[PDB]
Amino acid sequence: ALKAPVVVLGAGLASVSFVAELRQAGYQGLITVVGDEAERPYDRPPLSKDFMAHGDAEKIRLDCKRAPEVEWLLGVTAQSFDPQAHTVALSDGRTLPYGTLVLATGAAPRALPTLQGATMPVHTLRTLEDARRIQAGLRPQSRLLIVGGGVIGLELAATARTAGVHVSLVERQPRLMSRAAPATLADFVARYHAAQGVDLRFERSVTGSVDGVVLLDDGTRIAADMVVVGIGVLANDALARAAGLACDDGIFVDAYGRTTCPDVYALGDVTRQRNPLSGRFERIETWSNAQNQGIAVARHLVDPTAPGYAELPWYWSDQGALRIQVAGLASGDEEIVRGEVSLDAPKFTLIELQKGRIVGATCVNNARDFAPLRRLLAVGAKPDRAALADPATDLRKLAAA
């Protein structure tokens, strides 16, 4: 079942969470983690916010305290694994044996093919190294072009604007945050960023670039000092594909984290997995999934009577004045709006229903309502829609029933 020794590939949040849970659950056998970045394991969300702005990496490290007696092979790349021999080949020339192999290799940013041969700075934002490079190439009154209106681009937009950087943003879709956000939220978010001076360009794609100017598909030009591309990520599933595991931009796993290869597990951003709400497989890229799927897989490995991973997806995104929280599905057959949707001290809550049942929720600058909404979502609650809209209703009270 859980067979020693355990080897984990990747040393991000998912991996750290997994190995800390193994220890906490009582596994005392060998754990070796292989991490290609030569960095003390660290959390990524500050890279678009407080780290980007203030630059102290020692405030963003992950705590490995709950993972004692782990050897972390930092700055080392796993090059292949042989699932028959039960071995992993490392870039430093060593080989690791394993009883259980855990793939927690995450995802890497998609490149924009039309900027491949560019002769101006073009960066993506995923690592400490990326953050440091983008940080050092921006100055107040510089001109930053962001490609992609996802949460990373928008988080960077906010931070750049606060620093006095002029920001343009090109998005292929008619709206921002098309991945996992209610249209009502996306529209408001566009309203917010436009008011903070972001120059938004919708339904535009980059067709190429020439000597410091980016070219768009509507025949026009944008001049920038730097391009940051944030058009999503792609699973780091190369080792899995080579070794014969089922993959498709992500390693297919069940609720136990099992791949199609015996004794090989996967978790976090690298996985394609079931979303219990939609009942479909999806590659979930959220911080909460990385942590929670990692814990769930570990728990069940040590104690096979534990249930499989069962959490419903949620995320937050901090974008300047907007502290955004989103849980569940972006849409249902009904949206209930609690509060006013206003740039004047923004504060509101959205609730998505499907046939009377809560299937998703959004809070903007309203954390207190988000926890109880997540509880209602989990148990498939069907509150009175009238009470859901009524400002006088205590969602915390409601949730407690």
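From 1 onward, residues are counted along the sequence shown.
Given the B-factors recorded for C-alpha atoms, which segment has the greater mean, 26-34 or 357-365?
So the stretch with the higher mean C-alpha B-factor is 357-365.
Give the stretch, out of 153-161 and 264-272, with the larger mean C-alpha temperature factor in the deposited entry.
Taking the mean C-alpha B-factor of 153-161 and of 264-272, the larger value falls to 153-161.
Say you rank 132, 283, 204, 110 by Cα B-factor from the PDB entry; which sits at the top?
Among 132, 283, 204, 110, the PDB entry lists the largest C-alpha B-factor for 204.
Looking at 214, 234, 125, 246, which has the biggest Cα B factor in the entry?
The C-alpha B-factor peaks, among 214, 234, 125, 246, at 214.
Pull the Cα B-factor of residue 47 out of the PDB entry and bin it into the chain's lowest, middle or highest third.
Its C-alpha B-factor, which the entry lists for residue 47, ranks in the lowest third among residues of this chain.
Once the chain's modelled residues are ordered by C-alpha B factor and cut into thirds, is residue 218 in the lowest, middle or highest one?
For residue 218, the deposited C-alpha B-factor lands in the highest third.
Split into thirds by Cα B-factor across the chain's modelled residues, where does residue 192 land: lowest, middle or highest?
Tercile = highest for this residue's CA B-factor.
Per the entry's values, where does residue 92 land by CA temperature factor relative to the rest of its chain, in the lowest, middle or highest third?
For residue 92, whose C-alpha B-factor we compare with every modelled residue in the chain, the answer is the lowest third.
Sorting the chain's modelled residues by C-alpha B-factor, tell me whether residue 251 ends up in the lowest, middle or highest third.
Lowest third of the chain for residue 251's C-alpha B-factor.
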